[PDB]
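S.K.: Okay, here's the structure, questions in a sec.
There are 4 protein chains.
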Amino acid sequence: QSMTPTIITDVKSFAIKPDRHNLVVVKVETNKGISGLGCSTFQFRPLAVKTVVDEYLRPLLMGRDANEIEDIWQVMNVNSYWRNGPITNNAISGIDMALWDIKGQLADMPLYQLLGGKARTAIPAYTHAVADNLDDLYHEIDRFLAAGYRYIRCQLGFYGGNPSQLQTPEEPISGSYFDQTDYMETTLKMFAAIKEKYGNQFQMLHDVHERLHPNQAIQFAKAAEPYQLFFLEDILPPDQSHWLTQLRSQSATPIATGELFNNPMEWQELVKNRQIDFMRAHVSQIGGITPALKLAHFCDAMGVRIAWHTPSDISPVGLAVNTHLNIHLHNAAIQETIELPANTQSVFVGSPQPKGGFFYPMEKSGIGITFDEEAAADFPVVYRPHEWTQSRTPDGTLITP
Amino acid sequence: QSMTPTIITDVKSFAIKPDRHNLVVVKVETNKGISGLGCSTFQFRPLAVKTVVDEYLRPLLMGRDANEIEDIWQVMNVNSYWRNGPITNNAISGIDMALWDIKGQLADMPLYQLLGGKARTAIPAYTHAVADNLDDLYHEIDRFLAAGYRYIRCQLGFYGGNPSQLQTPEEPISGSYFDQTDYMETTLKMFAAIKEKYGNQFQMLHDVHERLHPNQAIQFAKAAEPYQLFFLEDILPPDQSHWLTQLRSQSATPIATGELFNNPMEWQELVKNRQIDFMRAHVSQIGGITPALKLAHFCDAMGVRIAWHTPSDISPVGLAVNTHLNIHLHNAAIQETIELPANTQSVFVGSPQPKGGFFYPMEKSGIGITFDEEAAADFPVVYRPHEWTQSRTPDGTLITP
Amino acid sequence: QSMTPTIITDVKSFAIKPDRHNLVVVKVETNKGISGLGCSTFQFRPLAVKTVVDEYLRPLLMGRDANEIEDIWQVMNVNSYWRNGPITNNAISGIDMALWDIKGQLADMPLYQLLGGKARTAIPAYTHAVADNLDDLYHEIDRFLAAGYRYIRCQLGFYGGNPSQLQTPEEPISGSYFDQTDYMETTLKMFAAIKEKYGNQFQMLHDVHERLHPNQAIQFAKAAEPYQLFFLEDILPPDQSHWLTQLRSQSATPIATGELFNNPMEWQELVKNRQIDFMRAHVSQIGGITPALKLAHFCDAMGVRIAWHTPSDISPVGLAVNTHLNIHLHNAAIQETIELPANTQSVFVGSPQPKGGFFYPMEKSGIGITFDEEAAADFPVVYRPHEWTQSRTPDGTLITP
Amino acid sequence: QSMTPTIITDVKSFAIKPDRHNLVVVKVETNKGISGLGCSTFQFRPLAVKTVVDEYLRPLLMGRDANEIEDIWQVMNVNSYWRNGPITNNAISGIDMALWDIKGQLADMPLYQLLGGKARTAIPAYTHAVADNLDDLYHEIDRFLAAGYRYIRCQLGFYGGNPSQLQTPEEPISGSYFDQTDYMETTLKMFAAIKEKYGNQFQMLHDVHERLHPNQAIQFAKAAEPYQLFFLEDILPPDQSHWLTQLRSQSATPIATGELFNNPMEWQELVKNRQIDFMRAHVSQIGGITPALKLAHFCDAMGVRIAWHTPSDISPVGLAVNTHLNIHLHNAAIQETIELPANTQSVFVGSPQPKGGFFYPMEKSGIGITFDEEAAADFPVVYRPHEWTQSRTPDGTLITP
Ligand SMILES: [Cl-]
Ligand SMILES: [Cl-]
Ligand SMILES: [Cl-]
Ligand SMILES: [Cl-]
Ligand SMILES: [Cl-]
Ligand SMILES: [Cl-]
Ligand SMILES: [Mg+2]
Ligand SMILES: [Mg+2]
Ligand SMILES: [Mg+2]
Ligand SMILES: [Mg+2]
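These protein sequences, in sequence, are chains A, B, C and D. In terms of PDB author numbering, the first sequence opens at residue -1 and continues consecutively. In terms of PDB author numbering, the second sequence opens at residue -1 and continues consecutively. In terms of PDB author numbering, the third sequence opens at residue -1 and continues consecutively. In terms of PDB author numbering, the fourth sequence opens at residue -1 and continues consecutively.
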């Protein structure tokens, strides 16, 4: 034959914290001595993801033929009967990505080539500029412009912190407090100042990060329209996305959403009805490369573009996968980038980095990342309280974070 | 590197007629000595497809890097500005399939493995039973049942021929004549007779082949409901598919359509609105494997299944491609089959054949078909008049064929 | 009788290039010595159109009664089973137009009279002003205004060329490059400058030529609204025209589209739902005069107007046909015009030319064009690479051209 | 030139009653000695139609160029500012038809040839079988079957007459009385009896003639479904046609309507939304051939077929026009026929008659009818009370007739 079964002989998970974020990576070993890596990084619940991989997915997968990625994905997806969700899908993602890594290595092709080759020369990147005053923000923007970036996510002010820092009722419920009206006003002030100073030199992005009640979100998105953002992101929480119908009939601000999605019913109608311009799914949250390709193709049919969520809390394996998908998929639009720290580079070898404001194709076979098991051992998970997920308006209402 | 450019060094087309149908196949040669085959078979206009490949696609493609299938597809698709259509897309398909063949060979994987592996053990097949009387029809059905088929397309009577054979006005316009009411009545008689004789032993399919005016189609599809067909196919022509809205609200007969499609606007709303159950696209009519994968994924998002059109007028290259797609795609449902004649097997080596009513995965790297250039030379194109495409009702109205 | 059969005794095609564009014209001869001409001009695939006419339509048509234009159209339209598309329809168009030419000659009436007579005195014309700077653009506009034009298509800048001319990634994929944001900004700058200088002296048109992603198209069309264009054309590619729903609910910019259409499913919903103001079909792309009349009447029912695509790459036969249709149809709005060069006038006699900014009725019987077979012989087809159909944004993405 | 102006030198109208129905015909004379005839027959208000032609259309039209049918139609249509309606449109129709007659004569072509030639060999005809008992109905059906008819409109019982003939309140308001429940029950009894006796030998039609309240109409149409009528006609009055939405979602009975229409807003949504299968417009009620062609093309786009209203109260000029339209239009379905009496044949020469259940193309140039002015003089209009238009249910409610 030209191809024999590739038998899974081990499944391992590694929950580690080299730098600021808890990561989870999965390694699948085979009888051929070809191993694959995958990203299962859900930084807030890494121990729970590890439990799923070690106690449930490993015994399910042992002995199976890794060549059949599609069937294995389908099996994993429904294996616990109840399905979808952030812990469930991250565990599945690590396996699915590792199987694609293995297939690329067997083919001796980088992942983007195995998938059908490139759709572009390189994918544009965007960086993040955030400061509590305009002067410091301009300095960040200036640096990125000199580095070749033509797309920059911009935020003025910080929106969290002790209730002592703003007007609240007495004895406020503990949490991370901000004022929605101050957030909107300050951000519009920022848009106007950046536009006046930089004009067409680059395109702003901005992430509303579900800070607003529905009508506030609609008003804010309308107000963003004159500033010609590349996109305005997450103006509504996932379960109130239908409110976009009112916005879309009166505004042409470009809309991105989806980093929070982990269930197809969150996006099915949005995509079918062209209610968003950019799908921002986090690949591991939707269950890996297998479902990501299908989603990208569904979006493409509707003219919806892709901008996978690629935050600081992603492993270099997940970063590499997004790079391959972005080079291959015709409807990929942009690649979110945050600089990788030194400890992380010590554990993961081969991570892509932007060059002159673009990410170029990665050429090693498979995903292209090597994992140093021994170095990883020095960086166990460390518990974080992440108080920003207890976000409150001044009256003490717990809002979507 | 793990992978160097694969430079296209020739593009050849072969219009041939080994048996009953004019075929067109394309061969792409590379600097690596790896060649790929593709199907461009549009049996009614083979010389026009050959003109497009030889005069336009060859000079466009010479020297390009065959690894970049996605980019090359995008380039070909819009290259003549005006696009879509049966001649345009068949020419593109032959190239696209050949590039996938090359990529599979470079990977040393059969196409279904390169795409992500299998989603099933084997795809069910269906055959065709057609006769002008019930007794002969039963004999065909009996033979197929003994052979292991559980799905059989059934047709009673022939619907064409000289106007002398039915009541028409005097001096009828020349054409292939039939009576729509006789067709409907005879077919319902067939459904009832088969159901009484065979019950649940197999599932019938039936192809209406756009024979009907819209209300007739709706009535006929409703009348088919008690007979539990696997699907009822092409009840409406492509430009009147919106009439399905009336049918779908009052009937649950399973509906298949799409073999005629060669423009995404033919299916976009049908799929988005779940107005069909099975998409029956002819892969070469939609431009090859690249767009077929995207369409299958779009359909999958909506719960629509795939049953690629696989008639007698398809080359063994196109047949092999459908087999790989059917093994790989989770939403593939069934594979239409017609027996391959001896002359064809003389020119094409490696064609898949059903075994016990299923098609199994093909294991040679790439698509898996070898083409005998020398044998092909003995079978030039031969002009056919195909009078059945001049179909008329008794009054002489030219209807969709 | 008052009328005997008109038997088709030959069908000839001529693929020629007198000037800048490959043309295809068809000639139908009859037993009455009355011949007709038709336009089958698809400049990018002229040899393929010729193959269809010579190898397939000629034998189908020989001996038929040319009087029955409607039946012959219906026969041709479905003759290859699969149908629609640019090559298929252009071949059909040449025959259909020639039959109308013959019928007009037998009637001794110009085509517009045969169809029912005029609906206006003369159809307004529009010309094209394009330059890479405002000063040169104003000089073009000034000249057209003095010539009597009240409608002028305006474009500032050129949007194509070597990737060396803009910022791209290294080793850019070959193609014709432009920047969408620069295109939008420069065009809005043009609208504002022309409005300030000329005010109400004439109405601008502008052709977006499917350069934009969907949300960009919507934003750009909204931004065009204050400039009171006669129409804004092709803001979206044909398979993403549904995105107009979002635009139409928030903007009253006049929208034209359809030059790319060659399948009724591209326009059926757009027209039914009044989502466009002007239908810009290219008559030969939709299969000739027979389907053009039906489409114009369907549009008229919905209040949609007609502006047939009449570019430089049309034969004088196609130009004459559009002139007759524009004089006759109540909902015809405007006639796109580009000057005809000398070599072309050497081969075709009788071409209409605008006078004082209008086209007047043509008075010779039939279509009114004579074709010089001998002169045509001096101008064979010459292959063109047309790199503009390989249009890319800076990242290298192949976009709709 | 090939064609000079054709100047209108007189317009005459003739209101006559050769047999059972008041007819109105119009004659347009020209400077060329070519005259045309048109039908303005609105049998209930013939003197009012004559007033419009003689007092208003004649002075408007005198001296105009008859060649410009399209412009003249547009002028007539809006000439009284307020427009549409049965008297307005019938007057316009007579002129429009006469101008087409003139154009056909100038072309030396029968009207169907001038329009583009035939779409079929001959149009099927249907006759009417009506009796107050089944036996007499069967005798009518038997006779028509022997004559070659395959389509027969069937009615059992008569639904009108003195209130003495059914149960009513005392001192009933004068009118023509019937019982809706008796009508529905008797008609379903008829459907069942005919089906049992004749089966597939012919297809029934039935005209509900707006006898029913909306829910009754929906129930009745559903109940007709098993009987496979060619169509069920006028189940609802024109201003309650929207009630079809409920019927269409649960029934596939074929629906025809439109003989009452004289305003495009009556049909615009019905056709656009495919809520009817057959459009039954009375050509003179919609303003003549010019708007009839447009309506037929609009219907064709939507897959709606045409069956022009051709009752006994139509002039032979109107009958001839319908015959030409039915031979030419691809979506024409059937031609209603009632036998022409002897006095009428004395005044009009050239009337078409069905042969073996079909109407064949008419071959004289123009419409093909000659009018005997002298014979017409013997048949002045005679006032009729037409009590059937005062239709009442037993309680005395005046219902749509
Ligand atoms: Cl932000
Ligand atoms: Cl084509
Ligand atoms: Cl069948
Ligand atoms: Cl322009
Ligand atoms: Cl009136
Ligand atoms: Cl009746
Ligand atoms: Mg975000
Ligand atoms: Mg079929
Ligand atoms: Mg254009
Ligand atoms: Mg009626």
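Note that CB positions come from ideal geometry on N, CA and C, so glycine has one too.
How many Å lie between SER247/B and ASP52/C at the Cα?
M.R.: As a first step, residue 247/B must be located in the second sequence, where it is residue number 249. As a first step, residue 52/C must be located in the third sequence, where it is residue number 54. One C-alpha to the other measures close to 47 angstroms.
S.K.: Taking one C-beta from the region 127 to 147 of chain B and one from the region 338 to 348 of chain B each time, how about it: are there three or more such pairs within less than 8 angstroms?
M.R.: No, they do not touch.
S.K.: Would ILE233/B count as contacting chain D if we go by Cβ distances under 7 angstroms?
M.R.: One-based indexing of the second sequence puts residue 233/B at position 235. Not one chain D Cβ lies under 7 angstroms of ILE233/B.
S.K.: Counting Cβ pairs, one atom from each stretch, are 3 or more of them under 8 angstroms apart for the region 232 to 244 of chain B and the region 181 to 188 of chain B?
M.R.: They do not touch, by the three-pair rule.
S.K.: Inspect the beta-carbon positions of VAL128/C and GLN153/C and report whether they are closer than 7 angstroms.
M.R.: Within the third sequence, numbered from 1, the residue matching residue 128/C stands at position 130. Within the third sequence, numbered from 1, the residue matching residue 153/C stands at position 155. Yes, they are a contact pair.
S.K.: In angstroms with no decimal places, state the Cα-to-Cα distance between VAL26/C and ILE100/C.
M.R.: As a first step, residue 26/C is located in the third sequence; it is residue number 28 there, counting from the start. As a first step, residue 100/C is located in the third sequence; it is residue number 102 there, counting from the start. Going by the C-alpha atoms only, they are around 8 angstroms apart.
S.K.: What residues of chain B sit near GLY256/D, judged by a beta carbon separation below 9 angstroms?
M.R.: Taking the first residue of the fourth sequence as position 1, residue 256/D is located at position 258. Residues of chain B passing the Cβ test: none, with the nearest at roughly 15 angstroms.
S.K.: Starting from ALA127/B, follow its DSSP beta bridges and name the residues at the other end.
M.R.: Along the second sequence, one-based indexing puts residue 127/B at 129. Answer is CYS152/B.
S.K.: Per DSSP, what kind of secondary structure is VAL24/C in: helix, strand or coil?
M.R.: Counting from 1 along the third sequence, the entry for residue 24/C is found at position 26. Here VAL24/C sits in strand by DSSP.
S.K.: Report yes or no: do three or more beta-carbon pairs, one from the region 55 to 70 of chain B and one from the region 57 to 70 of chain C, lie closer than 8 angstroms?
M.R.: No: fewer than three Cβ pairs fall under 8 angstroms.
S.K.: So, is the C-beta of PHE276/A closer than 7 angstroms to a C-beta in chain B?
M.R.: Reading the first sequence from its first residue, position 278 is the one you call residue 276/A. It does not: the Cβ of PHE276/A has no partner Cβ on chain B nearer than 7 angstroms.
S.K.: Counting C-beta neighbours from all protein chains within 10 Å, is the total for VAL380/A 16 or more, i.e. buried, or is it exposed?
M.R.: In the first sequence, counting from the first residue as 1, residue 380/A sits at position 382. Exposed: under 16 other Cβ atoms inside 10 Å.
S.K.: Using only CA atoms, which one of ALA105/B, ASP106/B, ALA120/B and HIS204/B lies nearest to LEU230/B?
M.R.: Numbered from 1 along the second sequence, position 232 holds the residue referred to as residue 230/B. Checked all of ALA105/B, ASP106/B, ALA120/B and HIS204/B; the closest Cα to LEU230/B is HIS204/B.
S.K.: Would the beta-carbon of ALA305/B fall within 7 angstroms of that of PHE276/B?
M.R.: Locating residue 305/B in the second sequence gives position 307, counting from the first residue. Locating residue 276/B in the second sequence gives position 278, counting from the first residue. Yes; because the gap between Cβ atoms is below 7 angstroms, this pair is in contact.
S.K.: Please report how far the alpha carbon of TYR181/C lies from the alpha carbon of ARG209/C, in whole angstroms.
M.R.: Looking up residue 181/C in the third sequence gives position 183. Looking up residue 209/C in the third sequence gives position 211. Whole-angstrom Cα-Cα distance: 9 angstroms.
S.K.: Please classify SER310/A: does DSSP put it in a helix, a strand, or coil?
M.R.: What you label residue 310/A is simply residue 312 of the first sequence in a count that begins at 1. DSSP places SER310/A in coil when its eight states are reduced to three.
S.K.: Could you tell me whether any Cβ in chain D is nearer than 7 angstroms to the Cβ of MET1/C?
M.R.: What you label residue 1/C is simply residue 3 of the third sequence in a count that begins at 1. Yes - at least one Cβ of chain D is within 7 angstroms of the one on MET1/C.
S.K.: So, is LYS15/A buried or exposed, given that buried needs 16 or more other C-beta atoms within 10 angstroms?
M.R.: Here residue 15/A corresponds to residue number 17 of the first sequence, with the count starting at 1. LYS15/A should be labelled buried.
S.K.: What residues in the region 184 to 203 of chain A bring their beta carbon closer than 8 angstroms to a beta carbon of chain C?
M.R.: Under the 8 angstroms Cβ criterion, the region 184 to 203 of chain A contributes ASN198 and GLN201.
S.K.: Report back the beta-carbon spacing between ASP94/D and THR288/D to the nearest angstrom; my notes put them in contact at under 8 angstroms.
M.R.: Here residue 94/D refers to the residue found at position 96 when the fourth sequence is read from its first residue. Here residue 288/D refers to the residue found at position 290 when the fourth sequence is read from its first residue. Confirmed, Cβ separation roughly 5 angstroms.
S.K.: Does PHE259/C come within less than 7 angstroms of chain D when only Cβ atoms are used?
M.R.: Counting from 1 along the third sequence, the entry for residue 259/C is found at position 261. No, because no Cβ of chain D sits closer than 7 angstroms to the Cβ of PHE259/C.
S.K.: Where do the N-terminal and C-terminal ends of the alpha helix (DSSP H) with residue 400/A fall, by residue?
M.R.: With chain A running from -1 to 399 in the structure shown, residue 400/A is simply not present.
S.K.: Taking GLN248/A as the query, report the chain C residues whose CB atoms sit under 7 angstroms from its CB, ordered along the chain.
M.R.: Taking the first residue of the first sequence as 1, we reach residue 248/A at position 250. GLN248, listed in chain order.
S.K.: Please list the residues of the region 107 to 123 of chain A that have a C-beta atom closer than 9 angstroms to any C-beta atom in chain C, keeping them in chain order.
M.R.: Within the region 107 to 123 of chain A, the residues whose Cβ lies closer than 9 angstroms to some Cβ of chain C are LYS116, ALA117, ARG118, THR119, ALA120, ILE121 and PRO122, listed in chain order.
S.K.: Closer than 7 angstroms, Cβ to Cβ, to anything on chain A: give me those residues from the region 296 to 313 of chain B, in chain order.
M.R.: Flagged, chain order: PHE296, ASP298 and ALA299.
S.K.: Would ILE93/D pass as an interface residue toward chain C - the criterion being a Cβ-Cβ separation below 7 angstroms?
M.R.: Taking the first residue of the fourth sequence as position 1, residue 93/D is located at position 95. No, no contact with chain C.
S.K.: Taking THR391/A as the reference, give the member of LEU143/A, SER162/A and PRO3/A with the closest Cα.
M.R.: Within the first sequence, residue 391/A is the residue found at index 393, counting from 1. For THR391/A, the nearest C-alpha among the options comes from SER162/A.
S.K.: Using the beta carbon as the reference atom, which residues fall closer than 6 angstroms to any heavy atom of ligand 5, ordered along the chain?
M.R.: Those residues are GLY83/D, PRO84/D, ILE85/D and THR86/D, given in chain order.
S.K.: Hey, could you find the ends of the alpha helix (DSSP H) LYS48/A is sitting in?
M.R.: As a first step, residue 48/A must be located in the first sequence, where it is residue number 50. 44 to 50 is the span of the alpha helix (DSSP H), which, as asked, contains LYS48/A.
S.K.: Please tell me whether, using a cut-off of 6 angstroms, the distance from the CB of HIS204/D to the nearest non-hydrogen atom of ligand 6 is below it.
M.R.: As a working note, residue 204/D is residue 206 in the fourth sequence. Because some heavy atom of ligand 6 lies under 6 angstroms away, the Cβ of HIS204/D counts as near it: yes.
S.K.: Report the CB separation of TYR110/A from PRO352/A in whole angstroms; it is logged as a contact under 8 angstroms.
M.R.: Residue 110/A sits at position 112 when you count from the first residue of the first sequence. Residue 352/A sits at position 354 when you count from the first residue of the first sequence. Not confirmed; about 16 angstroms, so no contact.
S.K.: Quick check on the DSSP output: the beta strand (DSSP E) that includes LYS10/A runs from which residue to which?
M.R.: As a first step, residue 10/A must be located in the first sequence, where it is residue number 12. Its beta strand (DSSP E) spans residues 6 to 14.
S.K.: Quick one: is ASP63/B near chain D, going by C-beta distance under 7 angstroms?
M.R.: What you label residue 63/B is simply residue 65 of the second sequence in a count that begins at 1. No - not a single Cβ of chain D is within 7 angstroms of the one on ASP63/B.
S.K.: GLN111/A by DSSP, collapsed to three states: which one?
M.R.: As a first step, residue 111/A is located in the first sequence; it is residue number 113 there, counting from the start. Helix.
S.K.: At which residues does the alpha helix (DSSP H) containing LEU132/A begin and terminate?
M.R.: Mapped onto the first sequence, residue 132/A falls at position 134. Run containing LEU132/A: 132 to 144, per the alpha helix (DSSP H) assignment.
S.K.: How about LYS270/A: is its C-beta nearer than 7 angstroms to some C-beta of chain B?
M.R.: Translated into the one-based positions of the first sequence, residue 270/A becomes position 272. Yes, because at least one Cβ of chain B sits closer than 7 angstroms to the Cβ of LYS270/A.
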